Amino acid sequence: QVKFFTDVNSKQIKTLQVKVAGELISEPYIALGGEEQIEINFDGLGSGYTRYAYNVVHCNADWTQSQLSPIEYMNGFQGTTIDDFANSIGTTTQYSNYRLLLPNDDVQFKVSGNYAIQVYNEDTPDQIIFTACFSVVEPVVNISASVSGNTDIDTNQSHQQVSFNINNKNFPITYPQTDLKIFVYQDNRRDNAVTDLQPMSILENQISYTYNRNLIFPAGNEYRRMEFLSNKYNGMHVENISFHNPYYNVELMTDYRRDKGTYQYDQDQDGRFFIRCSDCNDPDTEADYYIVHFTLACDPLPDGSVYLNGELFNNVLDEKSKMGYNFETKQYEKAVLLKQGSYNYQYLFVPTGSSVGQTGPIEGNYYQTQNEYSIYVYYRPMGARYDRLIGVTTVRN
């Protein structure tokens, strides 16, 4: 069966963000009882105001659709209109910017778990233009976790290992080896996520997933950074900006493989981007869209493909984010229309016959690297109709 993941399927939709409303840096989850909301933010390109509406899909732990019917999981109707929008101001590339907060006055959630918001043009309800995915937690267990570059297979070389315990004194679970499903995500990436974990030990009030070989991740590197807050000067990692009607074009400085080196402390935001422009008080309507040109100078890597990776492509490894190789210049190259701001990014290699991207070949794997890991604990005892999300935590090093 089919999996729901945050992805854009329309060329007219850009800069899809899923974050906690009001937060600069966040994770795509909120508490069921809580005061926080998820914010889905995106632009539609063109001058047209367009009527978009959404459906709520309840999913199980693995992001396949659950068997629940809407009345079981939401209060409110499917096909609600997205009313909160505004036109671009003072930009070459025209667009409208849209914002949906959830839960809201029209839709509230009745159960925990994974949710997928599918958006469409009201005229064309069967063509989904994007899916935005977030989770809703009922936090009845506490998770104590650590990340170390000292792992079971090496010692401060190229890996990081996650270790955690589920503390459940106040939510006893008789058979957690069967009734829990755990997902662990590095830097909000699904491609190299881990699941099918077994506890190393189970006490009455503590379930330990420590020393688990599957919880060893390659360490990667700090993401590459780039900024283009105006067309007047060259921002960070920008070689030149030029205008070719109708767009400004940002030539980024040339990138090189970083795997053959020594770790360099850089401060990143683990693949995130931030929409910003010089002297803009509302970048969501004032930031323009420029063609950004990425260049990775190396010989082509055999037996796989290179993908541009980060929140800028929703961490999706597909034909949109895959990079072609220019054999005239001996470079991987890609042009991407992006809204002005600060971007993290990196280059992942996917070996042929795999769906898992690797930081090793181009970015390198350095145990010191600051990464984040989100641990999602889903609960499903025999006879329950759906996967509850009973704990979640994000740990850094």
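The numbering used is simple: start at 1 and walk along the sequence shown.
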item: Comparing 184-192 with 77-85, the one whose average Cα B-factor in the PDB entry is higher; value: 77-85
item: Entry-level comparison of average CA B-factors, 277-285 and 306-314, reporting the higher stretch; value: 277-285
item: Candidate set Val57, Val356, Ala61, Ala53 [ranked by C-alpha B-factor, highest]; value: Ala53
item: Residue selected from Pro28, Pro361, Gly341, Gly34 by maximal Cα B factor; value: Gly34
item: For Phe294, the third of its chain into which the C-alpha B factor falls; value: lowest
item: Third of chain Cα B-factors occupied by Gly271; value: lowest
item: Third assignment of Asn397 from its chain's C-alpha B-factors; value: highest
item: Third of the chain, ranked by Cα B-factor, where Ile390 sits; value: lowest
item: For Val20, the third of its chain into which the C-alpha B factor falls; value: middle
